[PDB]
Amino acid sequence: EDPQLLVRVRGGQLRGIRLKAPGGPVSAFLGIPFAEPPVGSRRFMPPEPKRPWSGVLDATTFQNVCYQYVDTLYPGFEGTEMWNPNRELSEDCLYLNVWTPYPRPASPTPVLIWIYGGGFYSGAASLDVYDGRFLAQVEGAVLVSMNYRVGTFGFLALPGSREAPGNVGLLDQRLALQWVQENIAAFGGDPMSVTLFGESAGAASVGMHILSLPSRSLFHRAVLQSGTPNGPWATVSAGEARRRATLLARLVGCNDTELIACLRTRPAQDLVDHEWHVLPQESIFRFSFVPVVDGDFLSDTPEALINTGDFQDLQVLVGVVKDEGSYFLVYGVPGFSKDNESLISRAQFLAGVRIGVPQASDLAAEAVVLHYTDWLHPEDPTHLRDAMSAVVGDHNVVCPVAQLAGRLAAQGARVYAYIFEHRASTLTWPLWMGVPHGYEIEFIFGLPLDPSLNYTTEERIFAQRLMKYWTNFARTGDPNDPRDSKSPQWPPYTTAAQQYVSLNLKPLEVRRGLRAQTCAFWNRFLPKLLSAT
């Protein structure tokens, strides 16, 4: 029996499986329990450490996916399906996955920990795009990913109550990080060099761990892909979370203790049935149960915390894809569809703005329309369509990212920023969506290295470059190859020069200012506007 597949952690023995990567084998250990199944009276409660087990626990397969809403917009279309659960749903879902080189690392290896996105309402560490074997095989990394509770199960909160304190889904992530500290050395991983990375809601989780003191002793560097703790969707106020929780309890037929108790008796799918019914306005890029400003996990709003934090010893890599907003238009904005070029009228554009910026007053919405209209072609359908995408991307991702990068840089952090501009040759969404939210992931994880995936040879070469930036950053806090000259170099993002790089098929190009003019509108003017109005 393969001793490379046998490992002992604090809770007992594990049997892993030998997997094939194109360049060689890797050792994978999938479905490792890191917490007691958060079921029955455990629902909505913070996780508890997993009890020791007897014998050898079989970690050769992905465990269940946390209970969550499942997308049905385009039934059986690869573009949407690729994000849907690829295992059985269950509230018993608190398991993590570890990939390492085979044989396992001779000396302690830097650890990358992935945190998936999915708007805090969905996602799983088992998706094909999160496959860790490429990074493990090629860069000899130790890769870890966890499941964390999403939707009402992970983030339903009655702020101040003992039984539904909020943010338990982020506590799930934190326990997994504690697990890595306690156990990763047994896999050949270095607990003294841990890099968090995640995309969308995953990036925002990474950011919340930056901003939450108890998480800080569990990682050394961070990567935020297309997401931030700050911004309009990633957090809610205690007042608003309380509101949403008691509205959901009203819809399902339900003193905080009494209320939470009746919710605990509800079958999972009954809660999920009403997930989308509690949002205050018709919107897109807005999610019902997300992290809450509790005054505990988050001592203040992420805006306040990034504005005042001390980020001296801290390295961060942050970025965005070319078209953050395009994907979301087809999920609520009339006139948009994956099946046509979605050329919209001016009317549709104004209507669209109230949906993409749901919190906006008439006057603020007016300001947005007037800023994004191309007044040389105010009525041009192509311009109006692309502008609609840009409003959503900018408001939700690009400008929150520019704001974080800027505050981090000014307050002592080492920051590297990018924009990702390559569109996959295999993409099944329309051309008008360009490079949509989430389609850089498969390249960072190295999927193009698999011949059967039908990526182009240039895309393979490109994925390898990306894997190097990311693992080199994990190793050192600097994505630049250490013994390679001529590139040119990826420079740190600073407040003075605001340098970032474009990631694409051509060599790194250095640009200055991350939508500087347009993000000043979003981050400097709009707040002053709604502040009074």
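From 1 onward, residues are counted along the sequence shown.
The gap between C254 and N255 holds 4 to 9 unmodelled residues of the deposited sequence. Higher average CA B factor: 66 to 74, of the stretches 497 to 505 and 66 to 74. When the C-alpha B-factors of 130 to 138 and 452 to 460 are averaged, 452 to 460 comes out higher. Annotation for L376, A417, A203, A125: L376 ranks highest, by Cα B-factor. By the numbers in the PDB entry, the CA B factor is greatest at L247 among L247, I444, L112, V223.
Sort the modelled residues of the chain by CA B factor and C519 lands in the lowest third.
Sorting the modelled residues of the chain by their CA temperature factor places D386 in the middle third. Among all modelled residues in this chain, the alpha-carbon of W53 has a temperature factor (C-alpha) in the highest third. Ranked by Cα temperature factor within the chain, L14 sits in the middle third according to the deposited record. Per the deposited record, the Cα B-factor of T471 falls in the lowest third when ranked against the other modelled residues of its chain.
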